[PDB]
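Content type mmCIF, C-alpha atoms and all ligand atoms, from the file data12.cif:
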```
data_structure
loop_
_atom_site.label_atom_id
_atom_site.label_comp_id
_atom_site.auth_asym_id
_atom_site.auth_seq_id
_atom_site.Cartn_x
_atom_site.Cartn_y
_atom_site.Cartn_z
CA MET A 1 -11.90 7.53 -6.07
CA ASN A 2 -9.82 4.50 -7.09
CA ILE A 3 -6.65 2.69 -5.91
CA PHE A 4 -4.36 5.28 -7.58
CA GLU A 5 -6.05 8.32 -5.97
CA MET A 6 -6.26 6.42 -2.65
CA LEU A 7 -2.56 5.54 -2.51
CA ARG A 8 -1.63 9.03 -3.71
CA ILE A 9 -3.36 10.40 -0.59
CA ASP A 10 -1.75 7.83 1.74
CA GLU A 11 1.76 7.97 0.24
CA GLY A 12 2.13 11.58 -0.94
CA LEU A 13 4.48 12.62 -3.75
CA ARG A 14 8.16 13.49 -3.24
CA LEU A 15 10.61 13.87 -6.13
CA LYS A 16 13.86 13.47 -4.16
CA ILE A 17 15.02 10.45 -2.15
CA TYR A 18 13.41 10.53 1.31
CA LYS A 19 12.99 8.05 4.18
CA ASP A 20 9.60 6.36 4.64
CA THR A 21 7.79 5.80 7.98
CA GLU A 22 10.09 2.86 8.75
CA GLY A 23 13.25 4.85 7.94
CA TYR A 24 13.83 3.30 4.50
CA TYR A 25 14.99 5.17 1.41
CA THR A 26 12.04 5.82 -0.88
CA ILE A 27 11.06 8.14 -3.76
CA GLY A 28 7.98 9.36 -5.69
CA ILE A 29 4.68 7.88 -4.52
CA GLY A 30 5.87 5.44 -1.84
CA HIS A 31 8.33 3.66 -4.12
CA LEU A 32 10.60 1.76 -1.70
CA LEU A 33 14.15 1.82 -3.05
CA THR A 34 15.95 -0.38 -0.51
CA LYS A 35 16.06 -1.34 3.17
CA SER A 36 19.83 -0.68 3.18
CA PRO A 37 21.11 2.21 5.35
CA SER A 38 23.36 3.21 2.42
CA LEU A 39 22.22 6.27 0.44
CA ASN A 40 24.56 5.21 -2.37
CA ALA A 41 22.77 1.84 -2.46
CA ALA A 42 19.43 3.71 -2.68
CA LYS A 43 20.68 5.92 -5.51
CA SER A 44 21.82 2.80 -7.40
CA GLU A 45 18.35 1.21 -7.02
CA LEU A 46 16.78 4.46 -8.23
CA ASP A 47 18.95 4.56 -11.38
CA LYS A 48 18.13 0.90 -12.09
CA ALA A 49 14.39 1.60 -11.61
CA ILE A 50 14.33 4.71 -13.84
CA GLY A 51 16.93 3.59 -16.41
CA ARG A 52 19.22 6.64 -16.15
CA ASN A 53 21.83 8.23 -13.87
CA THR A 54 19.52 10.35 -11.65
CA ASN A 55 21.55 11.31 -8.53
CA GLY A 56 18.49 11.08 -6.27
CA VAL A 57 15.98 13.26 -8.16
CA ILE A 58 13.20 12.26 -10.57
CA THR A 59 10.39 14.04 -12.46
CA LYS A 60 6.66 13.81 -11.70
CA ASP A 61 6.18 11.78 -14.90
CA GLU A 62 8.86 9.32 -13.76
CA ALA A 63 7.33 9.07 -10.26
CA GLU A 64 3.88 8.30 -11.74
CA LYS A 65 5.43 5.70 -14.05
CA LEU A 66 6.99 3.84 -11.09
CA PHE A 67 3.69 4.26 -9.21
CA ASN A 68 1.66 2.59 -11.98
CA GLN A 69 4.18 -0.28 -12.08
CA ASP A 70 4.05 -0.66 -8.28
CA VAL A 71 0.23 -0.78 -8.19
CA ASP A 72 0.24 -3.30 -11.07
CA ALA A 73 2.89 -5.44 -9.30
CA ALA A 74 0.91 -5.42 -6.00
CA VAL A 75 -2.26 -6.66 -7.74
CA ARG A 76 -0.32 -9.28 -9.72
CA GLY A 77 1.33 -10.42 -6.46
CA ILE A 78 -2.04 -10.84 -4.70
CA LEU A 79 -3.37 -12.91 -7.60
CA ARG A 80 -0.28 -15.20 -7.43
CA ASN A 81 -0.53 -15.70 -3.66
CA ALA A 82 -2.68 -18.71 -2.65
CA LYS A 83 -3.43 -17.16 0.74
CA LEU A 84 -4.59 -13.78 -0.66
CA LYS A 85 -6.29 -14.55 -4.00
CA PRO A 86 -9.50 -16.14 -2.55
CA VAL A 87 -10.16 -13.23 -0.15
CA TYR A 88 -9.37 -10.66 -2.83
CA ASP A 89 -11.67 -12.41 -5.34
CA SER A 90 -14.47 -12.48 -2.75
CA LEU A 91 -14.41 -8.67 -2.34
CA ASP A 92 -16.15 -5.82 -4.16
CA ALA A 93 -13.96 -3.31 -6.04
CA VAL A 94 -13.81 -0.70 -3.23
CA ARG A 95 -12.62 -3.28 -0.68
CA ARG A 96 -10.20 -4.70 -3.29
CA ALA A 97 -8.52 -1.25 -3.33
CA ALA A 98 -8.12 -1.45 0.49
CA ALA A 99 -6.46 -4.86 0.03
CA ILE A 100 -4.09 -3.51 -2.65
CA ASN A 101 -3.28 -0.56 -0.32
CA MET A 102 -2.11 -2.93 2.46
CA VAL A 103 0.06 -4.99 0.08
CA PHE A 104 1.57 -1.79 -1.39
CA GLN A 105 2.53 -0.61 2.12
CA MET A 106 3.72 -3.85 3.77
CA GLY A 107 4.18 -6.42 0.98
CA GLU A 108 3.05 -10.04 1.08
CA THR A 109 5.50 -10.89 3.89
CA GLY A 110 3.93 -8.01 5.85
CA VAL A 111 0.40 -9.40 5.45
CA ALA A 112 1.30 -13.03 6.36
CA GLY A 113 0.04 -12.55 9.95
CA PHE A 114 -3.38 -11.26 8.83
CA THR A 115 -4.74 -14.80 8.33
CA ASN A 116 -7.60 -14.30 10.82
CA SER A 117 -8.50 -10.83 9.45
CA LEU A 118 -8.55 -12.36 5.96
CA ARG A 119 -10.96 -15.10 7.05
CA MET A 120 -13.30 -12.49 8.58
CA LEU A 121 -13.15 -10.38 5.39
CA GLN A 122 -13.97 -13.42 3.21
CA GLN A 123 -16.90 -14.15 5.59
CA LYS A 124 -18.01 -10.49 5.16
CA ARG A 125 -17.95 -9.97 8.92
CA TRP A 126 -16.98 -6.34 8.42
CA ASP A 127 -17.12 -5.00 12.00
CA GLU A 128 -15.28 -8.07 13.37
CA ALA A 129 -12.70 -7.85 10.57
CA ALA A 130 -12.17 -4.14 11.35
CA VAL A 131 -11.56 -4.86 15.07
CA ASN A 132 -9.08 -7.65 14.20
CA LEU A 133 -7.20 -5.52 11.63
CA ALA A 134 -6.51 -2.85 14.28
CA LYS A 135 -4.80 -5.43 16.54
CA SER A 136 -1.53 -5.11 14.64
CA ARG A 137 1.88 -3.50 14.48
CA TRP A 138 0.52 -1.90 11.28
CA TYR A 139 -2.27 0.00 13.10
CA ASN A 140 0.04 1.04 15.96
CA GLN A 141 2.82 2.37 13.73
CA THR A 142 0.58 4.08 11.13
CA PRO A 143 -2.78 4.63 12.90
CA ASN A 144 -4.25 7.39 10.69
CA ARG A 145 -3.63 5.49 7.44
CA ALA A 146 -4.67 2.15 8.97
CA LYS A 147 -7.93 3.72 10.20
CA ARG A 148 -8.71 4.92 6.63
CA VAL A 149 -7.94 1.50 5.12
CA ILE A 150 -9.92 -0.24 7.89
CA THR A 151 -12.93 2.09 7.40
CA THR A 152 -12.82 1.20 3.69
CA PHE A 153 -12.93 -2.54 4.57
CA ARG A 154 -15.68 -1.91 7.16
CA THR A 155 -18.01 0.17 4.94
CA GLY A 156 -17.12 -0.65 1.32
CA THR A 157 -17.21 3.13 0.72
CA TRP A 158 -14.66 5.88 0.05
CA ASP A 159 -15.93 7.90 3.06
CA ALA A 160 -12.53 7.89 4.83
CA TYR A 161 -10.96 9.59 1.80
CA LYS A 162 -13.60 12.31 1.25
CA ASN A 163 -12.24 15.75 2.31
CA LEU A 164 -8.69 14.59 1.59
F1 LIG B 1 -4.74 -9.42 -0.47
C1 LIG B 1 -5.23 -8.97 0.70
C2 LIG B 1 -6.60 -8.95 0.89
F2 LIG B 1 -7.42 -9.38 -0.09
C3 LIG B 1 -7.12 -8.48 2.09
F3 LIG B 1 -8.46 -8.46 2.27
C4 LIG B 1 -6.26 -8.04 3.10
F4 LIG B 1 -6.76 -7.60 4.27
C5 LIG B 1 -4.89 -8.07 2.90
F5 LIG B 1 -4.04 -7.66 3.87
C6 LIG B 1 -4.37 -8.53 1.71
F6 LIG B 1 -3.04 -8.55 1.54
CL CL B 2 19.11 12.84 -2.77
#
```
Is it possible to express this structure as structure tokens?
Amino acid sequence: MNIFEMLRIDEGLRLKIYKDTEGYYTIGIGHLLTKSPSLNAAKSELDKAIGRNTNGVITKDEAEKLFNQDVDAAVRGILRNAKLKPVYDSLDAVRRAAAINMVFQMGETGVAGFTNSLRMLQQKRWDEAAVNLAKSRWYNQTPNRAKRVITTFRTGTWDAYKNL
């Protein structure tokens, strides 16, 4: 297991424009297109992302290409964020994947309220961190995925992704 296989499980793969858990137009492996309610606006973003006139449908190769870029961009974002870099640097590689997972799903604006969780993770207070992480809109709206990500932070293992 690694961040790519992990996010592939959590995000799935769909080759036509679909709406994510929040109702936003998305494609491929959790590639958010736009928060706009306009499908035409989504299609435009898709064409710009892929570099061709797609009309809402992409190939598996194209989806994986966007996916690699999105994972790369999430990591690069963490490393450029003063509030996230120290915690991320303090973690082992399995828990780093869990961190990248959260940023991929909610962005850096989404993780701004996790200040206390982040402190507990940097302190390696894994059970306490896990309890704090669950006290969130994130956990309530996507409990099954949050539980997997939280178990990864708690244990530093891939146990929550075995069987899947
Ligand atoms: F970068 C992050 C981390 F290193 C974390 F450990 C974490 F919980 C987050 F939500 C992050 F965005
Ligand atoms: Cl479509």
Do you know which residues are within 7 Å of ligand LIG 1 (chain B) using all atoms listed in the file? Can you write them as a PDB file with C-alpha atoms, in the frame of the given file?
```pdb
ATOM      1  CA  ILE A  78      -2.040 -10.840  -4.700  1.00  0.00           C
ATOM      2  CA  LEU A  84      -4.590 -13.780  -0.660  1.00  0.00           C
ATOM      3  CA  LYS A  85      -6.290 -14.550  -4.000  1.00  0.00           C
ATOM      4  CA  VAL A  87     -10.160 -13.230  -0.150  1.00  0.00           C
ATOM      5  CA  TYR A  88      -9.370 -10.660  -2.830  1.00  0.00           C
ATOM      6  CA  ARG A  96     -10.200  -4.700  -3.290  1.00  0.00           C
ATOM      7  CA  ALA A  99      -6.460  -4.860   0.030  1.00  0.00           C
ATOM      8  CA  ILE A 100      -4.090  -3.510  -2.650  1.00  0.00           C
ATOM      9  CA  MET A 102      -2.110  -2.930   2.460  1.00  0.00           C
ATOM     10  CA  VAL A 103       0.060  -4.990   0.080  1.00  0.00           C
ATOM     11  CA  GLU A 108       3.050 -10.040   1.080  1.00  0.00           C
ATOM     12  CA  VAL A 111       0.400  -9.400   5.450  1.00  0.00           C
ATOM     13  CA  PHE A 114      -3.380 -11.260   8.830  1.00  0.00           C
ATOM     14  CA  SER A 117      -8.500 -10.830   9.450  1.00  0.00           C
ATOM     15  CA  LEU A 118      -8.550 -12.360   5.960  1.00  0.00           C
ATOM     16  CA  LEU A 121     -13.150 -10.380   5.390  1.00  0.00           C
TER      17      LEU A 121
END
```
Can you build me a table of chain A residues sitting at most 10 Å from ligand CL 2 (chain B), with the closest atom pair per residue and its distance in Å to one decimal, using all atoms listed in the file, sorted by chain and residue number, as CSV?
```
residue,atom,partner,partner_atom,distance
A:15,CA,B:CL2,CL,9.2
A:16,CA,B:CL2,CL,5.5
A:17,CA,B:CL2,CL,4.8
A:18,CA,B:CL2,CL,7.4
A:25,CA,B:CL2,CL,9.7
A:27,CA,B:CL2,CL,9.4
A:39,CA,B:CL2,CL,7.9
A:40,CA,B:CL2,CL,9.4
A:42,CA,B:CL2,CL,9.1
A:43,CA,B:CL2,CL,7.6
A:54,CA,B:CL2,CL,9.2
A:55,CA,B:CL2,CL,6.4
A:56,CA,B:CL2,CL,4.0
A:57,CA,B:CL2,CL,6.2
A:58,CA,B:CL2,CL,9.8
```
* Asked: Got a sec: who's within 10 Å of residue A:130, counting all atoms listed in the file, leaving out chain neighbours fewer than 2 positions off, as number ranges by chain?
  -> A: 117, 120-121, 125-128, 132-135, 147, 149-155
* Asked: Skipping near chain neighbours, those fewer than 2 positions away, what residues fall within 12 Å of residue A:163 using all atoms listed in the file, listed as a ChimeraX atom specification?
  -> /A:1,9,158-161
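For the pair atom CA of residue A:20 and atom CA of residue A:83, the interatomic distance is 27.2 Å.
Between residue A:22 and the candidates A:8, A:35, A:65, A:60, the tightest atom-to-atom separation, counting only C-alpha atoms, involves A:35.
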* How would you write as a list in words the residues that get within 10 Å of (-3.2, 5.7, -3.0) in the file's frame, counting only C-alpha atoms? ->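 Checked against the point, the hits come out as residues 1, 2, 3, 4, 5, 6, 7, 8, 9, 10, 11, 12, 29, 30, 67, 71, 97, 98, 100, 101, 104, 105 and 161 of chain A.
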Listed atoms of stretch 135-138 of chain A, axis-aligned box, 6 Å per side: centre and edge lengths to one decimal in Å, as lines of an AutoDock Vina configuration file?
```
center_x = -1.5
center_y = -3.7
center_z = 13.9
size_x = 18.7
size_y = 15.5
size_z = 17.3
```
